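Undergrad: no letters, just coordinates:
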């Protein structure tokens, strides 16, 4: 039994937005269903839910801002009636919330801003190769000037996970995000095994593969 | 009035 | 109902114990409808405990819940590196009488280890590709260090820089308990090509003296 949220996207303040929770492997009417959100870096907040009764309940603060409904035999939706920048958050749905049948989705990200969607530029962080500082060398990719979150970074199409650090995005004064991804590798691989960072910014339909090499 | 619980 | 957690942050030793408190503004349903959740970055919250003291299936016996009414506690015994997370209490109520659910504000847990680990430091010049575009980003990496406290200072022709860099730090690694940090100095192309020596100076407990990495453009 599982649940999955969908519909998270960049929306201008004031534009109605509907998220959907799709259930798999159980009857939606047989269990309570809940929506919970979390602003970036902040705590979990219960929004509302639907009892097995069919009664639909809201948190005090959510009243007038959200409407929840049984949208089909397999979905519950959450409509944000007039989004503000303070509604930027990951939205989770759950079957239950404290009983043994409780299951949560992975979440869907809502960004409320008038700022444009913008794909990143990907720049190499080239290995020094100056002299061996122990036996290993650092390389990476700078993923600069994008909006909204998120970006994912992999190395060699998933086949290199060891010693990879993809840093939290930083918001620049321009209002665009930037982040780096680095990996440490044996320094005697720099002129033999090719290294490629695989960047995906789904929000802008931008997928990039950047070969990073000794200059 | 029976309790209504949502967990 | 509003739930208040204290402390909001704990830094504790591996193998030690942490105690997280949760106080409800009003008594939860049946005096025991209080659950505890664990959440790691980018993951959905994981249910640890329900009904104040009942361990959820699949959860370690190192987690113990106690309390009743409005005062509750989570105790993590034999703290492990993979306990690094944020913990939330969840109070539940008869919807006919009160808010159906309320989460506490969360308590971050970080772990402390005995052995200091010096950062490996690397500096990266701006790529030629980026320079064409009008800007220069210079990147300094501090890799796999402990403890967290680290000072990065940028120098351009030995002039101490301020207001033109940003840092990002990884979450404490749940295997070796180390941190990594990136600092990015952003300059216009004109300024980059004006100056010669670019240097990042790192101060950290594991380093016998500040380490400088630099280049001239040319559990």
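TA: Great, that's in hand. Numbering: from 1, shown residues only, chains lettered A, B, ... in the order given.
Undergrad: distance of the residue nearest the centre of chain C from chain A?
TA: The residue lying closest to the centre of chain C (C-alpha atoms, centre = their mean) is residue C:171, at 4.5 Å. Distance, residue C:171 to chain A, by C-beta to the nearest C-beta, to the nearest Å: 8 Å. C-betas here are computed from N, CA, C, even on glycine.
Undergrad: again with residue C:135
TA: From residue C:135 to chain A the distance is 8 Å (C-beta to the nearest C-beta).
Undergrad: dump the residue contacts of that residue.
TA: C:126, C:186, C:187, C:188, C:189 (C-beta atoms under 8 Å, 6 or more residues apart in numbering or on different chains).
Undergrad: among those, name the buried ones.
TA: Neighbour-count burial (16 or more other C-beta atoms under 10 Å in any protein chain shown) is assigned, among the contacts of residue C:135, to C:126, C:186, C:187.
Undergrad: so does the one helix or strand the second one maps to get close to chain A?
TA: When elements are assigned from DSSP states H and E, residue C:186 belongs to strand C:179-188. Yes. Judged by C-beta under 8 Å from any C-beta of the partner chain, strand C:179-188 and chain A are in contact via C:180, C:182, C:184, C:186.
Undergrad: how much space between the closest residue to residue C:65 other than its chain neighbours and residue B:2?
TA: Nearest residue to residue C:65, sequence neighbours excluded (C-beta to C-beta, 6 or more residues apart in numbering or on different chains): residue C:49, at 4.1 Å. Here the criterion is C-beta to C-beta, to the nearest Å. By it, residue C:49 lies 26 Å from residue B:2.
Undergrad: now do residue A:29
TA: Counting by C-beta to C-beta - residue A:29 and residue B:2 are separated by 18 Å.
Undergrad: which of the two has more residues huddled nearby?
TA: Neighbour comparison, residue A:29 and residue B:2: the larger count goes to residue A:29, with 12 against 7 (by other C-beta atoms under 10 Å in any protein chain shown).
Undergrad: what's the domain layout of chain C?
TA: C:2-114, C:115-217 (curated CATH domains).
Undergrad: now do chain A
TA: Split into domains by curated CATH domains, chain A comes to A:2-114, A:115-215.
Undergrad: quick one: check the last one for contact with chain C.
TA: Yes. Using C-beta under 8 Å from any C-beta, we find that domain A:115-215 touches chain C at A:121, A:123-126, A:128, A:133-134, A:136, A:138, A:140, A:142, A:144, A:165, A:167-170, A:172, A:178-180, A:182, A:184.
Undergrad: now do the helices in chain C.
TA: For chain C, the helices defined by DSSP state H cover C:128-132, C:189-194.
Undergrad: list the contacts of residue 193.
TA: By default, I'm working from chain A. residue A:185.
Undergrad: chain C, not that one
TA: C:131, C:217.
Undergrad: just among the residues of strand C:179-188 next to chain A, which is most surrounded?
TA: Counting neighbours by other C-beta under 10 Å, residue C:182 comes out on top of the residues of strand C:179-188 next to chain A with 29 neighbours.
Undergrad: stretch A:39-49 close to chain C?
TA: Yes. For stretch A:39-49 and chain C, the contact criterion (C-beta under 8 Å from any C-beta) is met by A:43, A:44, A:45, A:46, A:49.
Undergrad: go back to those residues and keep what's next to chain B.
TA: residue A:49.
Undergrad: now, among the residues of stretch A:39-49 next to chain C, which is nearest to residue C:210?
TA: residue A:43 (37.8 Å; C-beta to C-beta).
Undergrad: and residue 164, how many neighbours does it have?
TA: If you meant another chain, say so; for now it's chain A. Residues near residue A:164, counting by other C-beta under 10 Å: 16.
Undergrad: the intended chain is chain C.
TA: When neighbours are counted by other C-beta under 10 Å, residue C:164 comes out with 13.
Undergrad: could you list the contact residues of chain C toward chain B?
TA: Going by C-beta under 8 Å from any C-beta, the residues of chain C near chain B are C:29, C:33, C:35, C:50, C:92, C:94, C:95, C:96, C:100, C:101.
Undergrad: just the buried subset of these, please.
TA: Counted by 16+ other C-beta under 10 Å, the residues of chain C next to chain B give C:29, C:33, C:35, C:50, C:92, C:94, C:95, C:100, C:101 as buried.
Undergrad: show me those that map onto strands.
TA: Assigned to strands by DSSP state E, the following of these qualify: C:35, C:50, C:92, C:101.
Undergrad: those: which two are farthest apart?
TA: Every pair of these checked by C-beta to C-beta; the farthest is C:50 and C:101, at 12.4 Å.
Undergrad: mutual contacts of these two, please.
TA: residue B:7.
Undergrad: pull the residues that contact stretch A:6-17.
TA: A:18-20, A:22, A:79-85, A:90-91, A:107-115, A:117, A:147-148, A:203.
Undergrad: related to what we said a few turns ago, so which of the residues of chain C next to chain B reach chain A?
TA: C:33, C:35, C:50, C:92, C:95, C:100, C:101.
Undergrad: what residues are up against the nearest residue to the fifth one once chain neighbours are set aside?
TA: Counting by C-beta to C-beta, 6+ apart, the nearest residue to residue C:95 once its immediate chain neighbours are dropped is residue B:4, at 4.1 Å. For residue B:4, the residues meeting the contact criterion (C-beta under 8 Å, 6+ apart) are A:51, A:53, A:55, A:57, C:94, C:95, C:96, C:100.
Undergrad: redo that, cut-off 6 Å
TA: A:51, C:95, C:96 (C-beta atoms under 6 Å, 6 or more residues apart in numbering or on different chains).
Undergrad: same check, this time on residue C:142
TA: C:119, C:121, C:150, C:181, C:202.
Undergrad: how about the residues of chain C by chain A?
TA: Counting by C-beta under 6 Å from any C-beta of the partner chain, chain C comes close to chain A at C:35, C:44, C:47, C:50, C:88, C:92, C:95, C:99-101, C:103, C:105-106, C:122, C:124, C:127, C:129-130, C:137, C:139, C:141, C:166, C:168, C:170, C:180, C:182.
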